[PDB]
Every structure is written in C-alpha cells, then in structure tokens.
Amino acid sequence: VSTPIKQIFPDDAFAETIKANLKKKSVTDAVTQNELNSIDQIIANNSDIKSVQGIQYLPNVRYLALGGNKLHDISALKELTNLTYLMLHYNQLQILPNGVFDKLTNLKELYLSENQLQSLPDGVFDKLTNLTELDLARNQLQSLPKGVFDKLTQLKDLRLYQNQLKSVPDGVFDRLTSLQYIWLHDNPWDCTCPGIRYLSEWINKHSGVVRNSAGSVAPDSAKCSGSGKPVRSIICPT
C-alpha cells in the first residue's frame, strides 16, 4: 500500500520537506512504509513549517533540525524514540506539555534556545539521562521547577542566559557531575541574602564551569539586578 505525501503531512512546507528528503517529484507522489522507514535525518531549518503532523510515522528519525520555524506544538515528536538530536531553536513554543520528552531517552542534544517559554513542566527533562547539551537561553523563563536538572548527570553544557530568573531552587545544579559549561548571565538575579546563598556558594565552588558570551571562564558573569555586581561576591551570612 502507498499514500500521497500531503495526505500524511498536512503542512505544505513539511510535505515539501519530506518530498525533498525522499528525492520524489511531487507532494502528490505516494509512499510505502518502507520508504517512510528510510528517514533517519531531517534538516528542515527555516522552512516556514507550522506543523510537523505526520512525523509520527517516521519511526527511525535520529537527527531532527526544525529550528527557525513557526511550530507551537511538538506533541507529534513524542514517540520518536531513536531521536538523538532535536533542534527547535527560534520557534513559537509558549508551553511544553507534560511528559512530552518522556519517551526520548536516547536524546543527546536538545535546543529550545529562543522560543517564548515562561515556565517548565515539573520533571520535564527527567527521562533524558543521556543528554549532554541543553539550550534554554533567550526564552522568557520566570522560575525553574525544583530538581528540574536532577537527572541530567551526563549533561556537559547548560544554557540559561538571557532569561527572567531572579532565583534558582536550592541545590538545583548539584547533580550535574559532568558539567563543563554553564551560562547564567543576563538574568536579573535577586542577590538578597539569605536567598542568594546557594547560587553564590555554587558559582564559587565551581567557578571554572561558569562562562561568558565568549565561552571564557568568567564567574563574575552572573550579576545582581539593581547593583549589577557579581553574584558570587555576595556573602549571605548565617
């Protein structure tokens, strides 16, 4: 049995994308499940895609680049369990549903770097024990759920720069034993002791990890709002 492409993928742009992928002539060409099972990468950055509906039927996709599109819903990605790379940078995600990543256990790189997120679901990244890079920069993040990063022990690179965080939960980074790069700058950190103790302590304890715009070791990069002074320079005392 075969089925036309735009029947499976309603979005014109994505249909054109899949057609391009399989070297077909027209979105009206029909395809066999064996042809669908051939797709292991999709490079669809900046293609005006508003919906990836139909992507559920590509079981073997490993490498998925959807950055710079107009996506607001990614529930169709749920069952793609072979996924190892997921680029969703500069799309239109205002909210992630719960358990959206619960299946994606093989993920090693996840970029959500410039969507318009405001909070994160509780335990959204917990099943991602293999993840090595997490980009959450330049969103509108207000606060982090407690122990949001607790499962991310392979993670080497965390990006939180340019958000709207004023405080992080105590001990939020403690389990990041493999962390080599973290970006904290351009947040209005509320350097009010005794609230800011853990973040000062942690930055100080791991000053080598904390990085600036140029990827250089720069533990002063995190700055108190109002003051504009380094977070780690704050001693909040007993």
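Counting begins at 1, following the sequence as shown.
As recorded in the PDB entry, 199 to 207 is the stretch of 65 to 73 and 199 to 207 with the greater mean C-alpha temperature factor. A summary of the deposited B-factors shows that, of 225 to 233 and 212 to 220, the stretch with the larger mean C-alpha value is 225 to 233. The entry lists a Cα temperature factor for residue 105 that places it in the lowest third of the chain's modelled residues. Among all modelled residues in its chain, residue 191 ranks in the highest third by Cα B-factor. Looking at the C-alpha B-factors along this chain, the one for residue 164 belongs to the highest third. Sorting the modelled residues of the chain by their CA temperature factor places residue 42 in the lowest third. When the modelled residues of the chain are ordered by their C-alpha B factor, residue 53 lands in the lowest third.
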